[PDB]
Structures are given as C-alpha cells and as structure tokens.
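Structure assessment
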Amino acid sequence: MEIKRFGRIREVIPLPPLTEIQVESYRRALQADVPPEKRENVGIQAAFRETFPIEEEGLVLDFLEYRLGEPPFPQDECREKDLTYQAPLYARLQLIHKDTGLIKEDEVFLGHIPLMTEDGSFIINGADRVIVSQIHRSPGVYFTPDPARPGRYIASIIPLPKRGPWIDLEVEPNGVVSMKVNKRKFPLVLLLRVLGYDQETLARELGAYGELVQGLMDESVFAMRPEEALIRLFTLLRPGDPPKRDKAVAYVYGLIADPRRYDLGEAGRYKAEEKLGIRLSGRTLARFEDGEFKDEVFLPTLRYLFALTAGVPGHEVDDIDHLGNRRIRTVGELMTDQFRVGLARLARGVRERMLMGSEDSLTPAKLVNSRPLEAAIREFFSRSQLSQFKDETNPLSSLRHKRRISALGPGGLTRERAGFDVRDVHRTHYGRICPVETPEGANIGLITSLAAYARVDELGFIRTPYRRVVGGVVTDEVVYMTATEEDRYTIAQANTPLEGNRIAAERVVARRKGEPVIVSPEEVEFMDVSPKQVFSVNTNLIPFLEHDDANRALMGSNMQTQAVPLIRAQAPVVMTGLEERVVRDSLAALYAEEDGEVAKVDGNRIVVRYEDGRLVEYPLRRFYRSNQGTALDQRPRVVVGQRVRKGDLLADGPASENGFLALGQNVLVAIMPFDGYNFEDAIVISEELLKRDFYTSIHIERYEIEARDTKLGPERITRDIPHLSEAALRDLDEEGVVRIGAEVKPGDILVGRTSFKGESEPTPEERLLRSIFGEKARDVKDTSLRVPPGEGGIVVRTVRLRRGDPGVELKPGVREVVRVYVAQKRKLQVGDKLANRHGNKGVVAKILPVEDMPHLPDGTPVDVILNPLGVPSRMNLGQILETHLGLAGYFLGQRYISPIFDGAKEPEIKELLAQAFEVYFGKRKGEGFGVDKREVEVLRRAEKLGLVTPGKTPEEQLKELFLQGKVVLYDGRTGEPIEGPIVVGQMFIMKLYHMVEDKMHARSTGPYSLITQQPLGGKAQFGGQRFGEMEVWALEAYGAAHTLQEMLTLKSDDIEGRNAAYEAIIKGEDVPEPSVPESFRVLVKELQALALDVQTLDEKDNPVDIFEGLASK
Amino acid sequence: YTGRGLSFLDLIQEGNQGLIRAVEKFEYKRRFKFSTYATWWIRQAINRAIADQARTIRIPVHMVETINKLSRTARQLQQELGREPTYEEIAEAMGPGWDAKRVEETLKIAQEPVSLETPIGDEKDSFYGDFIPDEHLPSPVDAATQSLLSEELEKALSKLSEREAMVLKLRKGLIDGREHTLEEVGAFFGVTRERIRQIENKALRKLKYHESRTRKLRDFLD
Amino acid sequence: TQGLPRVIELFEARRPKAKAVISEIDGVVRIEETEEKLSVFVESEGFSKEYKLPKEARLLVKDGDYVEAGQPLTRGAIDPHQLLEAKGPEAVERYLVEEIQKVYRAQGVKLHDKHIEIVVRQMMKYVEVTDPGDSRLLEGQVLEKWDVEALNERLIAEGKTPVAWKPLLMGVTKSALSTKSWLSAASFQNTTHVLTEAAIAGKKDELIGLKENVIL
Amino acid sequence: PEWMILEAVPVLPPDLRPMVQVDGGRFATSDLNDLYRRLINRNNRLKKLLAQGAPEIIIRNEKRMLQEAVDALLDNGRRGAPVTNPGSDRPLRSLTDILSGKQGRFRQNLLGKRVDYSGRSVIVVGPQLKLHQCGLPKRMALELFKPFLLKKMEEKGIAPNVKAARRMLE
Amino acid sequence: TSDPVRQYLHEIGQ
Amino acid sequence: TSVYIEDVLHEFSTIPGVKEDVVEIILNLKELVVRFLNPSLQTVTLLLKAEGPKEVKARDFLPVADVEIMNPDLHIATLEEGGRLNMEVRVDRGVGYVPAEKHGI
Amino acid sequence: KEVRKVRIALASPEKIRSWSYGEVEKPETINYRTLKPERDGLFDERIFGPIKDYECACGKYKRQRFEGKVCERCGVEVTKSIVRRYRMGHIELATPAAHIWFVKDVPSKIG
DNA sequence: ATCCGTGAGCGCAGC
DNA sequence: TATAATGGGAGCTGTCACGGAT
Ligand SMILES: [Zn+2]
C-alpha cells in the first residue's frame, strides 16, 4: 500500500496542539507548576486575593499562599472505583486578633480540586467528562444603536458575568442622558456630581458638543454637594434604607468601584480604553479614594456617546457578534468562577463563625468549613451543563467534544433567547470557528467547533495565523492575529501562486475586513497560512470537500464522530493528511520518546530500551469499555529487536491502522439502483462482507447490582433462589455471580440476589395451594439481575465489592456492589446504519449473496450498492471522486492523500485510472481471452450515449470508460450486462453507533406510572410508545373512535379495563368495554384541591359518581 | 441563623415567639439590660425551629444534634488527616460506644428524600417520577394470575365435596378471608374437631391425587 | 410579509405592519399630492373623507376614480377588521382565504380552499351586541351568532325589539379560547384564566366536540 | 363571591402526591408535600401566636406569610419570588403547573397518553411487500400479541399453562 | 412593599 | 467450526508473550484450508502446542491422515521468550456459510 | 348513570370540608424510624385510607368481612386501598387567605 | 402610551 | 436564665408579539 501525496503548497507551520485550549487554560488557572511565590494574580490565586482578607471589623484572616498536592489514587483506579482525579488543596490562613495582637497559622485543608488528564478530560465520579468552552460577548463598553430612535446610540457597560450588573446609558428624548441599572433609570448628572464634576469641567468635557451638554446641565445637581448628591442618589437607587451617608457610600462603591463584586475584565478593560482612548488604573468603572469618588470611564464613555450622536468621525458603532467583541471562556475561566463562588460562600461562613464563638480563643482550623467550596466545584464538574459525558466512541469523538464551543450553558443563553445573528457565521469566524460543523436542529450556530490553525489568546479571543507579505515577497513569519487585528490589513489567500517565496500573479485574491477583493501584489501585506486554517478537524478529515455542499459536509463531519471501532478497521484509501496527527494528539496510540531498541513485545505490555539504557514497560489497553460502550482496545504494531526512533509508533489504538485513523472500512461500491433496495438512501450489502467479518465490532455492556441493608432484612447475593432450576444457575458460581468467559441470553441471570420478602399475609388461595402440594413459602425473593430482552453477549469480567474490603466504602445503607461486564461482537445486519465522509447515510436493507451481487468482467463482486438518486439533490459529488481514485487504488494497490483545495484533480486521477486499465485489461489480452460479446453490447449503448468515441478499438473505448470511472458490470442473477457502464470503485464507509439491536423494542404490558397510571416511557424501563395529541388527531381524522378509545383507556390508564382486557385475551374473550380513565379522576381531585367543584352530570342534570361512591362519606 | 433550611422571616417569627416568653420572665431586679437575657430565648427559639422545621421527616432535636457533632468531628478529621474520614475513624474520634456501624446507621437515618419533579436531561422534558414504576398496584399480569389461581383452585374444590371444600375454605380462610380454627369449623358442621381434622386431611389428600393427575395449580406456585 | 409568517398573521386576524389604507365610504378619489405632502380625499355625494398618506406611500388609484368602500387605495396588506366594518363579512372571508392560498400556491402547495374556509368560518363565529333590545344582553357583549339569531327569532316571535348585533372577526387562538366548552379551552392555553371564569359562572361542558370526550 | 376567599384549604389524596421508596432504598416526595407542610408550619405558628396574644406588628407579618404560602401552594411564582426548597434554585411545582403546560395533566396525560401493546424499531425498504403489507420482526410480534399467542399456544400443546408459556417466552 | 423584609424593617423601624 | 485455546475462556482474551489476540488468531484460523481424503469423513481435530521466541506458522501443527494444510506458511501467531501456546481446532467440511452464532460447535 | 355533562363551580368552605375526611394538623410525613403514617401527618391512614386493602394499621381487621369499619385501636378503615387516590383532606385556617387565581387574574374578579 | 403575563413542533434518547 | 448584644442580602442582565389594564 504505497501512499501518494498531492499538493502544491507548503505548510509554513504545523497544526497547533489539538487539545491546547483545554490543557493550557486549566494549567494557567491551577498555577500548580509555577512556584507558589512567583505565581501571578490569576486563577485560584486571584480568587483568594479577592475573597481574602476576611475582616470582622476584631479578627482578621489574610491569604498567605496555597499549594496543590498529589492524588491519593491514579486515573485508572479513579475510574475503577468511581472516584475523582483531584489534588489535595491546602492554603495558609492565620487569624490575627489585632485586638489582642496574636496570630495563629495552620495550613487549612480546603478540599480536593478536580484534575484534567493528559488528553484534556476528567474522571468525575469515576466517569470521564469534558468542560465545553463557552462563548459570549466580551466584557467592556460597546455603543449600540437605539432601534426605536434613529440617531440614538445607547451605550452599554457590560461586565463579566456575576461580576457586576450591566450599565446602560442613553440620551432620553427629554434631552437628558440616563443611566439604567437593575431596571432603574436616573439622571447621570447626579452620579457625575458625586464624582466631583462641576459645570465648568462638564463644559470643558461636553461643552464642545451641542445641546447635549445643555441637557447634562442641571443646576439643581451642581448645587447639590457631592455627598448630598450621593445620599440623594441612594434614595433614588433604593429609598427604603434611611439614607444614612455611611450606608450610601457602602452600596454605591460596592456596585461601581468594588473590585470584589464588579470586575470589568482585562479584556473588557483593553476594549474600553482602546474605545475611549484612555488608560485605566484598575478593572473598575470608578475609583473611590481620599474619601471621594473619582470617575475613570463614565466621562470618556459619555464623551464617545455624545460625539457619536453628533457626528464625529473617530467614533463608530460596534458589532456585538464580531469575534473581537466575542470571547471564549476556557475550562480555566469557568472553573475559577465557580471556585470564587464557593470560596466566597465559605468566607461568609467564616465571617459568621468569628462573632458568636469565643473570638479570644479561635483558630483557622475551627473557623473554616470545607463543604461550601467543595460542593461548588463538585457541582460545576458533576451537574453543570457544560460538564458532559466525554465523547469516546472513537479518538476524534473526544477531540471534537473537547474542541466544541457553546454559547449556552449556565451563564449563557437559552434556545429561546437566541436569534439568527448569534447562530450565523460572521466574517470573523474565518479561520477561527469551523463554518460547517454544527448540530442540525435548534442548536445550530449555538454549538460549534474551533478552527485548525486557530487559537485562543489570554483575553479569550480566537486568533488565526497569517504569513507576512513584504515588497511582494512572503516569509514564514506567522502573525497570529485576532479578528479586530486581521481587519487592519489586506490578507491574500494561501493558494496564491508564488515563484519561490514571491508573489507570482498579476491579480491576487485578497480579503479586506473579511470582504473578497482582487488587488496587485504591491498592495498585498499579509497572506493566509493554508486552507486548513478555515475548518475544523472533523471537517478537515473529509476529502474532496471543495466538491461537497456545506449541509452534507456538516453531516459527514458530525457522522465521523459516530464511527464505531471495527475489529478490521482501516484508514481511507483517500486521506486528507491529518489522520495520523489526530491519532497522535489523541493520546491513544503509543509512541517512541527517543531512538531506542524494542526490548520485548506483547499484547499485554511492550518493553522498550533506549540510548540511555533505560527500560520502560509500556502497558497496553485491552478490551476497555468506553463511555459510549465502544470497546476501546490498543494493539501492538512493533516486534522484538525493532529500533524505533523518536516519534515512532509502538502500538495501534482503537479504530486505527498504522497509527492512522480507521473509523471505517474501504469497500468496493457500485453506484446504481437495485430493485428498490436502494430506495430512499437505503443500502445494499454483500454477504461476503459478513463472511470476511467486515463491519463487525465488539460492544461491552456493563451491568451493575448492589446489596443493601433493609428494615425487612439485609440483602444477600446467593446462588440459591426459590424455584430456580440448577441450569438457571449453570453459569452462576456458588456465590451467585456469573463466570468469566460464559455467555448469557434473554431469560438468563447474571447475579442472584435475595432480599427479605415483605411480611405479606399468605393469600387464602396460597394457604390452600401451599398445603395442597405441601410446601412452605420462604422469606427471601428472587431479586436476581436477569437478562434484559434484546441484550446479551459473553461475560468478560466480574467485579464484586463488599464491606470489609479496603479501598472504598459502601454508600450509607449499602452492603456490597457487584458489576458484571458482558461483551458481544456483532456483525452488520438489517437495520444497521452506514455513512461516508460526504454525508451519504443509510440503513442496511438487504444482504444479498455473492451470486446475486453485481460482478465485474474479471469476476470480482461488488461489496455495496448505492442508489445514484441520493447524489443529485444532496450535491456531494466528492464521494464520486473518492470512488474514482479508489478504483485506481484498487488496481494499483495504492492509497492516496489529497489536500483539501490543493489535492488530486480530474486529470491526475484519470492518469492513475489509465495505469489501472492495463492491470485490468492488458493482463486479459495475454491471459488467453479477448473482448466479450456482452462488452460489445454495452459499448454499443455507450457509443449511442456519447460515452465512447465511435470507431476506436474496443479496448480504447473500454479505456475511455475507465478514465470516466465506469466499468462493464454484469448481473450475477442473469449473467447479462448492465445496459450502460456503471461507476464502480473503492469508498470509505463507516459503521455508525446507531444499530437496530439497541433500538428494537416492544411492550404488551409492563410498568405503569405512579400518579398518571400510564405506561412508563423508554426502552430501558420496558416502556410503551407515546400516543400524543398529534397521533390522536390522526385517529380522529380517520374516524376510528373505538381504536382511539382503546388507546385512551384499555391500553392507557383504565386500571381496571386493562387487567380485564389481558384476561379477556388469554381466555379467547372479546375485550371489555372501556370505563372512565383514571387520569380524569386525577384531574377531578386535583381541581378539587384547587377548591374547584368539578362534577360529572347526566341528562337530568343530576350528579354522577365516577368514583362509584368510594370517596363519598 | 439563615441558610439552615429556613428563611429569615420564618426564623424571625420563631424568635419573636420565644421573645414573648422571655419578656414574661425577665426581671429588672437582676439589673442586666434586656438584650442580655433576651438573646437566650431569641437564639433558642430560632435554633429549635431549625431543628423542628427543616426535615420532611420529623427527626428529634437530640438526634439532629448528634448528626451535627458527627459532621463537626468529621470535618475536623478531614482537615487534619489531609484526606477524608471513614465510619471507623470518626467513630473512635467521637468516643466510646461509637463504631463505624453506628456512623453509617446514623447517616442512613439522616438520609433525606429527593424531589420527584427533579429535572432529567438538559432538556427539561423529563422528571424523576416518570422513570419510577408502580410496585404496589395490581400489575395486569399479577391480577390475571390471581384470577386464574382462584379459578383453578376452585376447580380443584369441585373435585371435592362441598363439606370437604367448605372445611378447607374456613380452615385456610377462603370462605370469608378469615381462616377459622378447627374448633370453629366443628362448630359449623356440628362435628368433633378430630373428625373435622381428619376429613380436612382426607380432603387435602384427595386434592393431592387429583393434582397428581393435573398439577395445574402448581404452576401458580411458580 | 411573506411565507408562513404571513399565513399566521392572516389566521390570527393580526393587523399588518405594512397595512394599506381603504376607503371607509365609497366615492371618487381626489388625489391631493401637494408638493409638501400627499393626501387623498374620497368624494361622496354629500360627504368627504380625508386620508393622509406618507408622501412616499404608493397609491394604486389615480385621480377621479370611483373608489368603492373597502377598496384598496395604497399598496400593502389590508387590516381584516377594517374590511369587515367596510365591505362586510363576506369580503373578509374571501380576502383571508385567497391570501392564505396565495402563500401556499407560491410554494407550490396544492390545498382545497374548503379547509381554509372551515377555519375562517370558525373565526367568524361570534358577534357583538349593539343594542340589547328586549334582552338581558349588554351593549358590547360578545356571543355566538347562532345564539343571537336564536334568541332574536324567539324575541321577534313574541313581538319584542330585536337585538342589534355587529360582526366580529377574531383569530384562531381567541376563537378557541372563547369556546363554550371550558374543557377544550382549558386544555388549549390560558388554563388558569379559562378555569376561573368558567367556575365563577358555574360553566358546564355539554361534551359536543372531540377534545372534551378525549379528556374524558 | 365570598367563596373566592379561602378559609378551609383542601389537600390532595396522598397517593396523587406521594413519597415512595425508590429502588436505591431512598424515598422521593412530590413538591406539593413540602408546600402543604410549609402552610401548616405557618398556620399553627399563627394559631398559637393569636391564641396567646401578641403585638399586631408580629401577627401582621405572620398573617401575610400564611397568605404568601397559600399563594405558593395554589400557583407558585405567580406572586413575589418562586418558593424554592433549600439547595437548588428550582421553583417547586404548584397545583397550577401540574394542570398547566405541555408537561401539565392536559397536554401530557389527558389529550395524549402512552399506550401498551406498542413497539418501536428502525425501518427498512420492503420492495417485495404489497401496498397493504409491512415487515414486522417476529420477536416484536411475539410481545405485541403476547396474550393472543398465550391463548393460541394453550389451544395447542406448545404450553402446559399460560404462565409456563410466558416463562417459555421469558 | 414587594420585599417583605423591607416591610417588617419599616414596620418595626417606626 | 470451533477452536479451544489453553488458559483462554472468551474470544476477548489476551496471551502473554504474544503480539496477537484470541480474536486475531481465530481470524487467521478462518483462512485455513483442509483436505479430507476419505469422502466418508466429516470431522477432524487439529492441535498446536509450541513456545519459545518463534513466529508460529501453520507448518507447525498436528499431522494427521486425510489432513492436508494447503496453506502452510500461514502465519497463526508470534510468540517470543515465554511464548506459551496451546490450541485444539475442529474442522468440519460443509456447504454454504453457517454463522458461528448458529453452529456453535 | 352515563356522564353527559361536566360542570365546574367555586367550592364553598362547607363543600371543601364536606369532601374532606379529616384535617392535617402536623407538618409530618412518616415515622422517622419505622417509616409509617405520622398522626396528623399528610399521609395518615385513619383519614385518607388504608395503605393496604382490608388492612388496618393495628391489624385487628385484615379481611373483607371487616370491610367498612374504622378499627378503634388503630383508627383505620377496612376497604380498597385505592381510596388513598381519591379521599381528600382539609386544613382549617384561623385567618382567611385569598385564592391567588381570583386576585392575580386580570381583571381581578375580587377587585 | 406603557407595563404584565402569555404562548412559543413531535418523537427517541438521554449514563 | 441573664457583661451587653436593636434597619438584610443578592442581585441577571443576547427574544418577542399580543391582549389586556393603567
Ligand atoms: Zn384496626
């Protein structure tokens, strides 16, 4: 399998570390590596610096320094015992009783802070998780246009979430500006008075403007002394507190000039001073110093507003979706914010515990509680919407999930307060966020992914690389610029032809502020890096993307994330050139750190020697259940004595080939209809694929049971179960647990647990029954974990945890916990779903035998048949190109790598095809065979169709068809050719998670709801199907009154009618007449609890009882 | 005293309630300012209320107090040990008569019920009670089997005389749910207990023979 | 002003933002687009109607033309309630059905006008009292036209003064909430509102429709 | 009109608002229970305070609080701030919300209900089928018609009894 | 008024 | 038709001293070609027991009458120092393709 | 008879109590230890109904022959337990409160 | 004119 | 059951169109 590579552009730089945003941020927040002394005011550090000191005002507690220890347990053991990969958090707290003068230090144990693994994930509660970066509007000050009034531009002082309320300024039609805050509007002149501004200064600042300043001129306020203005202000902000001056200053400062509650942000600050042309001394709107408040932004912000309202050039409105005004909240920022919340809650507990207790005799050990901060962080990692179950169906699953950006999540937006503007693809997204990758549905635009060569800065702003163009020459200098930065200049595209390192085009494709434009080389200043920078990884993993529509491309990229690891997985014959990188940065494929000799190789472990002589026993993963259930197993790919240099493979991971990403399999496909088995995206497969064990994967289904203490008695797990055949326990050991290596089918048992049955009076019938046969009922039940219908497989592991077992304790009330692992390898079947990298998804609808499969002239049968009608409307001609080159590969036995937008072109693919035709025909010429009469018929048809040149030799016409990607195909059922030539070739098809085995479900009768008394919902709960209003409308439209009644009573919540119906069926009886549903009775009683007398009546207008005198006294 | 399971105002109502009793007992002969003696009843009332109105399951204050000191002593361990206490550590730190069993036991009593209306999934379209079955109420399979059992059991009594069956009905409690002793059954049939006892045995045995030709009722035993 | 949005704005009897003007009374159009401002005067035999138009408004009528009452004068959408008060109910029904069909036809959707006519009929189901005559009804009280007609023929039979009434077009939502079956309305929307008003009045549901029977 | 003022508040049958024990052994209660109890706490508090006699200022606050409570029970969040049980900022469920909304009784359990004898599966194309035909997996049809087959099986000698027949199916 | 806290505060604050 | 390996219980096992898994080994054993000389034979039982650092190929196996391995150089496993290995294979001549989850020998 | 009409009307305080079988007096649920109906609780069987069919809490009566009797030792009736799904309770208040529906439903019917 | 309260697709799965 | 102790604490910010009351 030789690999050929196309391309005419060089990557001046590599693709950044894929999980850089998730690792760098969390590091820079924990600051664990940097010496506690050199640590900068960021992350958890800044949190303490803000929360502390705690002053009683007299016990005080100042922050000294914090430290992070090492985890009691390793990652693997955290997963096994359902723990959490977290570090012991300690910090230095003293308690200085100034009143006495005594200080008392004791490093306090705050709690355990979660730690992110190597890949950029976590193991919260022993389950891997990911914290999705959140996108929002950068804090700062922005000038938006009042839509109600044409020339009014309301100013908005947006602070960091939970870090101050939003402040809005607007020139009212009354001619007076107004500061709206917490839904309260008031004149700005008054606050300015508190700031110490006077009519002279105001005329110096705004007097250049028109009547605007005049409306800012309220003599009443100028006369009101600053302090008086402050009391008046408070009385306006909230009049109920007696406006005591000391209380006034408190609230005002605490909301405008308090760094402990209001913090604009380093980014917000930067944008504010570059907007106003000022400099801030801190991240505060104003500064209360020397017993007097002092503006810092209010006036320059007001200046900019007034000036924009007048018509000054230097002032302009701002785009709220521009990626220069939109920033990303990495995992680090989110963690730090939840940290500050829990740490402030603790501070409140400390502040209350230093007054009621004996202040004279207190110590930080007795003054600090570990619950607040721990619960805050526990929640942020456990039940936060941004903290989700990690995606690990395949390597790319984790990667994409960890590179996914959401504008939702707590502190974000809801799917109802989200319009098109926030969902659109802004021009700034260029090379920053992938414009094709997003969920199809209500989340579109809300959930996206990061670009490839892009990166997020410290202020949380995406940043894309651009080469420097100077005097017509180009360098390797990669200026990573932000959106607001890329707009400054003219950036030319990467594909732009260069003679060496200099422009080679009279006209150059160029982007000015994101807008397309053609200019001269001299007017060019920068240049893109490569096309790959303007797409995601999943999207970059799709060849011939320049030939696909964005909708179907979106589908392909999202579907790659759903590829199950196949035991016979293989990389695509046509690759983009990023599959190995994915495996590399996916931290799932072992590699060689430095040149060294492979000591010993084994499927359990591989030992490697190096230049220094060190011997490392690299462990391997084998049949490990994933979060999604995929059996992620690594496999060895090196032998003993092998000299692996630096960065050399040592073992393939799950769904990988030679370290290349192997999401699917390369099969032979024919694009043609087939007896409506290709109807509507459906797919036809060959039984040979199942015989070759293709599209066949291993699935680990984990089951769990726990024995717990009960008031009736302690649960115990025993093999002995009342009235349970010994064969029923055939695979169950003497304890009751299954045996490793055995198989189970629906109706079998995994673990036999017996609990104390209730003191249920023996029913009169039982009394007689029991006596008739002569047996006595036990006091233990068969609470054994049977097999869920539709599930099964081979037992691989059994873990029995019990009390008295060191390491983990059983939850209060529990006696033991036992987990069974049942794995199963399934092959493709009717109902399983396949897809490609171009969007073509379908379900297997027919598995024909090879004798029915269309076959080639040499006799090779096709593997899959794909309808040609699924291409035209979808506009994804890429699959076609993939097939053509696949055909060439199939005959030349070579794979190919095509760069996106600079890869294999029609001519080149046809040259390779020509080389194939010789291996496909010339061999025949010499094998003792010539042209088949059937081939002559197909060529006659094609000659009329204009697909071959009339007069050329039959061989030459066959070649012409081959170059077109078409070959003569015969029907194995008739032996007669297809009237026309067909497109046969190799294609990369992936097996998707969605599989009929996990979906097929049925329920005649089962669990019913507590209150509603209606069938439960869901398969795992053996629930029924929902028959909502829309389905009821269908039945009403038909006029099926009795059918509808059945679904509303007998099949629903007619507690009686349903029991009577079951009996009627088993006794060959007709079903019973439907009585009033129980839900209507629930409604009546619920309305009566609302003091509403809902009563059923009759023709005589006399009351009628649906409770049949059961609730009447 | 806020943040303990009760709102400012609820607590205030309690503190005022106690304050009236304190005013009714306050003596100016002591010469201590009202604040001094008042606080006692103000803190007691609110603290008692927190222990009386904060649990859906009423738990005695003394028990609440034990639980509180359990968490207090525990946290002390947690912060000292640099790790995380267990049933057995706290048990010894607590003192005598304190074992790991008792810790877990007390935690089991302290367990608090959760809301059935708790959200499931990020889409708030699912709730806990939706995924909780009904175990109490006759499940059509169970009720069906009981109808079948009683029918067949009767069909077995049809294989006996009414005297034999009736005797069994009363004795086993099928006649009227209530099982009637042999002396009562002999009071009904006007027969010596021994004869009643022996015919009951004869009847049971006759059922056994019929069963040895059917075994239909065994299926219900399952 | 196009697509599903337009269909919903028609079905709900909502007043369009780009609402055109229509003559209240018939007459002759007297264009008065004075260089300063544009205005139009409908000239009746002894009456005159002044309609001021934004100088930018696009008139569809010339000068000296017979503008019938309810006829469009400027381009744009028609307020259905205005047309009802001008031309009468028959017209508002025709207008609604035809405009809805316009949207559907534009997409190439084939739908028999009957269905839209059923809905429109339901939107024209209620009426307003203008004079209670010899009834307990109150001026402005809304009610079903069938009920006012029935009580009217009974009052007329005894030779009492008739109850003057006025046609009332409402949207589907309000027409549904204003039904005579509190069950159907309560199952739709505004559950609390409907329930309170029904219980206060001691309302009873005769179970004439489908929804009510489905709930039961 | 006086009936619009409430002096006797009803309480819904406890089954319709229970605190059952889950499989985990823990119990789980409806928010209605915590609402109703909240009223009782305030009511008996007021009864005692009134019976004993004490400054109006206090009684005033207490009577107001009893009002707010009743309001939360009938329609929480409608007046003031949503009543929230300690821990989560989740508003409790009031009788209104049980009757109002898509999740409310009407649009969830009255106009549309989950049904028995109903299954679900992935679909495929069946070109061989006739227009009045479908492709129903055998095992689905087994459950779907389970009782009918129990009878038919009994008519045959495939099963000794209906229970053992169903256990054969197990 | 909307804030019952502030209400008790003013009620006893007189 | 079936295969037994020493110290392995399920196909999803591992063999220390070997670069192959139980699954990959059996995948290699489907590639096996057997010749039953006597037409009245329907059954046979192959055996393979070896160790040491050597890439077992199908040359190493149990010789039997009416048993011809057309594919001798077929690689079946790679075992290095402490490369224990024991196998007992059942070969049955038949028709068509009967899935494993049907024949379960 | 057959239902042909459904009516809804305000309930009189007397009507509310006419439905109720008793009054919850204590804000309690089940036994903090035995997990059983607390007297004056919101689940007390003596009022609403027995948890189990023909089953009194004390256990003096456990048969259908006792059906329809409130055992004096326990205080629980004897019948189907489905009664707990229907039989309703009340809570008498000294001070009256207003149904928020008739107060906050514009236009307020009370106002 | 303004403000308040009302609705804003159906399943399936949701570990 | 008694040094004296007397106005709180946390705010949610990127929908919107309609019908209604004020
Ligand atoms: Zn009793």
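Definitions and cut-offs
Numbering of residues starts from 1 on every chain and follows the order in which that chain's sequence is written, so it may differ from the entry's own numbering; residues lacking coordinates are left out. Here the convention is simple: chains get letters from A, ligands get numbers from 1, in the order in which they are written. What you see is one piece of a larger assembly, and the values refer to that piece, not the whole. Calculation of side-chain values draws on the structure's entire complement of heavy atoms; hydrogens and water are dropped beforehand. Residues with missing side-chain atoms are left out of burial classes, side-chain pairs and their counts. For Na, K and Ca the donor cut-off is 3.2 Å, while for other metals it is 2.8 Å, and in both cases only N, O and S atoms qualify; water is not among them, so sites may look incomplete. Irregular is the label for any site that misses the other tests, which are tetrahedral for four donors with all angles between 85 and 135 degrees, and square planar for four donors or octahedral for six when opposite donors exceed 155 degrees and the remaining angles lie between 65 and 115. Exposed residues in this analysis have more than 50% of their type's maximum accessible area, buried residues have under 20%, and partly exposed residues fall in between, with area computed by a 1.4 Å probe over protein chains only. Here, residues are in contact when the closest pair of their heavy atoms is within 4.5 Å. A simple way to read buried area is as the amount of 1.4 Å-probe accessible surface that goes missing from two parts once joined, with both sides added. For this document, the term salt bridge refers to a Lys or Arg side-chain nitrogen within 4 Å of an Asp or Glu carboxyl oxygen. Whenever two N or O atoms come within 3.5 Å, that pair is a polar contact, provided that in protein one can donate a hydrogen and the other can accept it, and provided that, for residues adjacent in sequence, both atoms are side-chain atoms. In this description a helix means any DSSP run of H or I spanning at least four residues, a strand means any run of E spanning at least two, and both kinds are numbered starting from the N terminus. At least two DSSP bridges between two strands are needed for those strands to be called paired. A patch is a set of surface residues, each over 30% in relative accessible area and not in a salt bridge, joined within 9 Å for like charges and within 5 Å for the nonpolar side chains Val, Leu, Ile, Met, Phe, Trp and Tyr. The Shrake-Rupley method, run with a 1.4 Å probe sphere, supplies the accessible areas, and residue values consider only the shown protein chains as cover. A helix is expected to span 1.5 Å for every residue after the first. In this context, the arc is that of the directions from the helix axis out to the C-beta atoms.

What the deposited record gives as its method is X-ray crystallography, and the resolution it gives is 3.00 Å.

Structural notes on the coordination of the zinc ion
Residue and element names in this part refer to chain G. Within the protein, the atoms that donate to the zinc ion are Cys-56 (SG), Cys-58 (SG), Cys-71 (SG) and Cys-74 (SG), at distances of 2.3 Å. Around the zinc ion sit four donor atoms; with metal-centred angles ranging over 82 to 138°, the donor geometry is irregular. Between consecutive donors of the zinc ion, the numbers of intervening residues give the motif C-x1-C-x12-C-x2-C. In this structure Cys-56 comes out as buried when scored by relative accessible area, which is 2%.

Overview of the arrangement of the chains
Summarising the chain contacts, 13 pairs of chains touch, and the pair with the most contacts is chains A and D. Chain F makes no contact with chain E, the minimum C-alpha separation between the two being 66 Å.

Thoughts on the interface of chain A and chain D
Each partner contributes to the interface: chain A provides 59 residues, whereas chain D provides 51 residues. Approximately 4900 Å² of surface area, both sides summed, lies buried where chain A meets chain D, with 62% of it carried by carbon and sulfur atoms. Seen at the junction of chain A and chain D, the total is three salt bridges. Measuring nitrogen to oxygen at the nearest pair gives 2.8 Å for the salt bridge that ties A:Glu1086 to D:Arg105. On inspection of chain A and its partner chain D, the count reaches 19 residue pairs in polar contact. It is helix α30 (residues 1078–1088) of chain A that provides the largest number of residues to the side of chain A that touches chain D, a total of eight residues.

As for the sheet that holds strand β6 (residues 96–97) of chain A
Residue and element names in this part refer to chain A. Within the open sheet, the four strands sit side by side as β2-β3-β6-β7. Their pairing is antiparallel. Where the open sheet ends on each side, the last strands, each with one partner, are β2 (54–55) and β7 (102–103). Across two bridges, the pairing between β2 and strand β3 (residues 59–61) is antiparallel. Note that in β3 the partner of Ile-54 across the bridge is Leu-61.

Considerations on a nonpolar patch on the surface
A contiguous nonpolar surface patch, about 310 Å² in accessible area, is contributed by A:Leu355, A:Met356 and B:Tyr1. Residue classification places A:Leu355 among the partly exposed positions, given a relative accessible area of 46%.

A few points about helix α25 (residues 933–945) of chain A
Residue and element names in this part refer to chain A. The terminal C-alpha atoms of α25 lie 19 Å apart, and with 13 residues this matches the ideal 18 Å at 1.5 Å per residue to within 8%. Three or more residues of α25 are buried, namely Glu-935, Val-938, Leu-939 and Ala-942. Along the axis of α25, the buried residues cluster in a sector spanning 105°; they form a single face. For α25, exposure combined with an orientation more than 90 degrees from the buried face picks out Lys-933 and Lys-944.

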